[PDB]
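What follows is the residue order along each chain.
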Amino acid sequence: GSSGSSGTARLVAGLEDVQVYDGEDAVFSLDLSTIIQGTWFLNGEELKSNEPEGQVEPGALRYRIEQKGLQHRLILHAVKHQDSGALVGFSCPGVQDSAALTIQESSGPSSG
């Protein structure tokens, strides 16, 4: 919904790197200069607001997206390790930024 001139926007508070253990939950957010509607990305992939598509299924992981004027956010609950060093960024017509999601393994090589 674009009531007023929502051509482009400016970045005021870019994203930030976040590292969590396997199964944990990641959180990302950013600020803008004006209202706008962009798109989120994960591991170089274009996510959907309503429902995803392609090789990935709509029933693989749980995520939350909060879009409010110049306030975006994306939390990934139960982040898998296999997706270590993921790429979480919000692409929009006027701004371009992204972050790095590092995921370490809970257990390591000890016995065996």
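If you check the header, you'll see the entry was determined by solution NMR.

### Here's the deal with the overall build of the protein chain
Across its full length, the protein chain carries zero helices and eight strands. Mapped from its N terminus to its C terminus, the protein chain presents α and β elements in the order β-β-β-β-β-β-β-β. Structurally, the protein chain occupies a C-alpha span of about 65 × 30 × 20 Å along its principal axes. For the protein chain, buried positions account for 24% of its 112 residues. In the protein chain, once contacts between residues fewer than 6 apart in sequence are set aside, the share between residues at least 24 apart is 61%. Put simply, the protein chain shows about 7400 Å² of open surface, and 43% of that area lies on carbon and sulfur atoms. Side chains of the protein chain carry 7 positive and 15 negative charges; the gap between the two charge centres is 9 Å.

### Some remarks on the sheet that holds strand β5 (residues 62-65)
Strand order in the open sheet made by the four strands is β1-β3-β6-β5, with antiparallel pairing throughout. Edge positions in the sheet fall to β1 (11-13) and β5, since each has one partner strand and no second. Across the sheet, the mean angle separating the axes of adjacent strands is 25° when strand polarity is ignored. In this sheet, strand β3 (residues 25-32) lies alongside β1 in antiparallel orientation, the contact comprising two bridges. Counted as the bridge partner of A13 is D31 from β3.

### Quick notes on the packing of aromatic side chains
The description of two aromatic rings rests on the distance between their centres and on the angle between their planes. According to the stated counting rule, one finds one aromatic pair in the structure shown. Ring geometry for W40 versus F90: centroids 5.9 Å apart, planes at 50°, classification tilted. Note that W40 is positioned in strand β4 (residues 39-42) and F90 in strand β7 (residues 86-92), a separation of 50 residues in sequence.

### Quick word on the sheet that holds β7
Taken in spatial order, the four strands make up an open sheet running β2-β8-β7-β4, and their pairing is mixed. Taken across any chain shown, the strands that pair with only one partner, and hence form the sheet edges, are β2 (18-21) and β4. Strand-to-strand twist of the sheet, defined as the mean angle between neighbouring strand axes without regard to direction, takes the value 20°. As defined by bridge partners, β2 adjoins strand β8 (residues 95-104) across four bridges and the pair is classed as parallel. Bridging across to β8, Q19 finds its partner in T102.

### Brief notes about the nonpolar core
By size, the foremost hydrophobic cluster in this structure holds 22 residues, and its most contacted members are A26, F28, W40, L76, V79, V88 and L101. Of all the secondary structure elements, the ones that give two or more residues to this core are β3, β4, β6 (71-77), β7 and β8. Once you skip the residues sitting within four places of it in the chain, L76 turns out to touch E24, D25, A26, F28, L42, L61, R62, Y63, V88 and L101.

Definitions and cut-offs
- Residues numbered from 1 in each chain as written, not as in the entry; some residues may be left out.
- Heavy atoms only, no water.
- Helix = DSSP H or I, 4+ residues; strand = E, 2+ residues; numbered from the N terminus.
- Buried < 20%, exposed > 50% of the residue type's maximum accessible area, 1.4 Å probe, protein only.
- Contact = heavy atoms within 4.5 Å.
- Areas by Shrake-Rupley, 256 points an atom, 1.4 Å probe, with all protein chains shown as cover.
- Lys, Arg positive; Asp, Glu negative; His and termini not counted.
- Charge placed at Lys NZ, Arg CZ, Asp CG, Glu CD.
- Pairing = 2+ DSSP bridges.
- Axes fitted to C-alpha atoms, helices over the stretch in contact; angles between N-to-C directions.
- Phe/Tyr/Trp six-rings, centres within 6.5 Å; stacked < 30°, edge-to-face > 60°.
- Core = buried A, V, L, I, M, F, W, Y, C linked by side-chain atoms within 4.5 Å.

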